[PDB]
Structure formats: structure tokens, C-alpha cells
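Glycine gets a Cβ as well: all are built from the backbone with ideal geometry, and neighbour counts include every protein chain shown. Computed from the coordinates by the stated procedures, all read-outs in this text should not be read as laboratory data.
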């Protein structure tokens, strides 16, 4: 009972603290560099929420994203992330060409079908983003027909230069056959797939098959969740194109990014 009283108490203070966080704009945006395996040069970065508060603390995204879902703040957060990212690109535009591409995981931000054509376009209009600078990532579950009228929404963005990426495959050839009929520009590999891909058998051949589709259709296969050297060796051997994980660099905040790109690049191993 007092555990129950503590859960309600704690999930009521943080809820009000989350509303205050978006009101005065406390939220941050930490980026994680993804580079080429053979070249070592930077391919792009991914914008991550990473809320930080003096009282509560580090408050991981996996614990406030569902929390923001019950209080209806997924639109306020989602719109903000894109808007802040474009603002950060504008701040970086006043230096040089800098960033090649910037990725945003819409699925992780719990994006509904109503936000796509506007929250991306309006951020590209308020700032000098040429469109061929940012890419979006969806869970493919939204890709299916339904009745949400989302197929033309992503096509609007794709005509502006915005890249597209999918994540969930469900470990199935049907998911691969449904993928080749999709207007994608890059393909991401789940962390669970990369995790212990050396142990299991088919999962290594599966990842080797995904990379085969990439070279044939000019798709950029993206590795996500690489930690050890052994994972890099096997992936590079099967031509994984690009890598993203703790093995290269832990996600860095908005600041120190130019200092990182000028000191460690090219990171060729």
C-alpha cells in the first residue's frame, strides 16, 4: 500500500515537472555521431531528448516519454525536438557547411499521424534548412495503409529532400519484401540484432542480406548499438557501410560537437 502511495505520488510530481520543463524549455538535445566504416568521415548525427533536471536528475527518455503520453505532451515535445534541431543547424550554419545529415527517430518520440507534414515543414521554413539536411525514422508500423493517410505525408517530405528510415523488421523475409517496395533512403539495424549477432547463425546472414539490398538499391544501411570491437569486425566484413554506437562515441550534447568533428575526424580504423 505505501508502495502504491509512493508510485502515485512520484508519478504526479514528475508529470507536473514535465509540463513545467516544456513551458520554460529546459529540455536538451544530445547528438550521437554516426560515421563511415571504411572512410571514417562523419555521415551524420541523431537528435536525442535526454531531459535533465536539478531535483529529479538524469531522468531517462524511456521513463518520461510514456509519461508524456498520458498527459498529452507528445506533440509539444515532438514539435520542439524538430524545431530545436533546426535551430541548432542554424547556429552551425553560421560557421561552415558542417553537418552532412541529421536523423530523428519519430517512433521513439511516439509520433502520431497528424504531426508529420507540418512539424517538419514549419521547422524548415522558420530556419534556413534546405531539406536535404535532415532524415526521419519511423517504425514501419505507421508505414502500412491503415486509414491514417500517411503515405502521402512522408512523400511530401521526401520531395523536399528529407530522407526516410525504418527500424522494425520483426525477423521476417516478408518485412524485407515490404521494405523494397518502400521509398526509403537508409536502413537502420536494431540494437537487439547487433547484440549477439556473432552468437546466433541466421541473424548474421540476415544482416548480411540487408547490406546486399543496400548496395543494389543505393540504400545506406545503418548499424545501431555497436559496443565491442568484434561487432565492428563482423559488420565491416559484411559491408555494413556506416556504424553508430558507444564503440565510436557516446552521444554528445549540442556544444562540443564542432570540437569533436575537428579533433577526432577522420576516425578510420
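Scanning the stretch 180-196 for residues that are within 13 Å of residue 210 (Cβ to Cβ), in a loop (DSSP other than H, G, I, E, B) and in contact with a helix residue (DSSP H, G or I) (Cβ under 8 Å, 6 or more places away or on another chain) returns a single hit, 180.
Checked against the criteria, residue 212 does not count as outside any loop (DSSP other than H, G, I, E, B), surrounded by fewer than 19 Cβ atoms within 10 Å (Cβ to Cβ), under 20 Å from the mean Cα position of the chain (by Cα) and without any contact (Cβ under 8 Å) to a residue 60 or more places away in the chain. Of the residues 175, 259, the single one that is more than 17 Å from the chain's Cα centre (by Cα), assigned to a helix (DSSP H, G or I), without any contact (Cβ under 8 Å) to a residue 60 or more places away in the chain and over 23 Å from residue 158 (Cα atoms) is 259.
Scanning the stretch 22-45 for residues that are more than 13 Å from the chain's Cα centre (by Cα) and part of a strand (DSSP E or B), we see that the one that is nearest to residue 104 (Cα to Cα) is 43. Scanning the stretch 46-59 for residues that are within 21 Å of residue 250 (Cα to Cα), without any contact (Cβ under 8 Å) to a residue 40 or more places away in the chain and either out of contact with any helix residue (DSSP H, G or I) (no Cβ under 7 Å at 6 or more places or on another chain) or part of a loop (DSSP other than H, G, I, E, B) (or both) turns up 51, 52, 57, 58.
Return yes when residue 168 is surrounded by fewer than 18 Cβ atoms within 10 Å (Cβ to Cβ), in contact (Cβ under 8 Å) with a residue 12 or more places away in the chain and more than 20 Å from residue 140 (Cα to Cα) and no when it is not. It is false that residue 168 is surrounded by fewer than 18 Cβ atoms within 10 Å (Cβ to Cβ), in contact (Cβ under 8 Å) with a residue 12 or more places away in the chain and more than 20 Å from residue 140 (Cα to Cα).
Pull up the stretch 233-250, narrow it to residues that are surrounded by fewer than 16 Cβ atoms within 10 Å (Cβ to Cβ) and within 18 Å of the chain's Cα centre (by Cα), then point me to the one that is farthest from residue 211 (Cα to Cα). Per the stated criteria, the residue is 250. Scanning the stretch 60-80 for residues that are out of contact with any helix residue (DSSP H, G or I) (no Cβ under 9 Å at 6 or more places or on another chain) and part of a helix (DSSP H, G or I), we see that the one that is surrounded by the most Cβ atoms within 10 Å (Cβ to Cβ) is 61. Taking (1) surrounded by fewer than 20 Cβ atoms within 10 Å (Cβ to Cβ); (2) touching a helix residue (DSSP H, G or I) at 6+ places or on another chain (Cβ under 9 Å); (3) in a loop (DSSP other than H, G, I, E, B) in turn, residue 122 satisfies each apart from (3). For the stretch 92-104, the set of residues classified as surrounded by fewer than 18 Cβ atoms within 10 Å (Cβ to Cβ) and either in contact with a helix residue (DSSP H, G or I) (Cβ under 8 Å, 6 or more places away or on another chain) or touching a residue at least 24 places away in the same chain (Cβ under 8 Å) (or both) consists of 92, 93, 95, 98, 100, listed by residue number. Of the listed requirements (1) touching a helix residue (DSSP H, G or I) at 6+ places or on another chain (Cβ under 8 Å); (2) part of a loop (DSSP other than H, G, I, E, B), residue 107 misses just one: (1).
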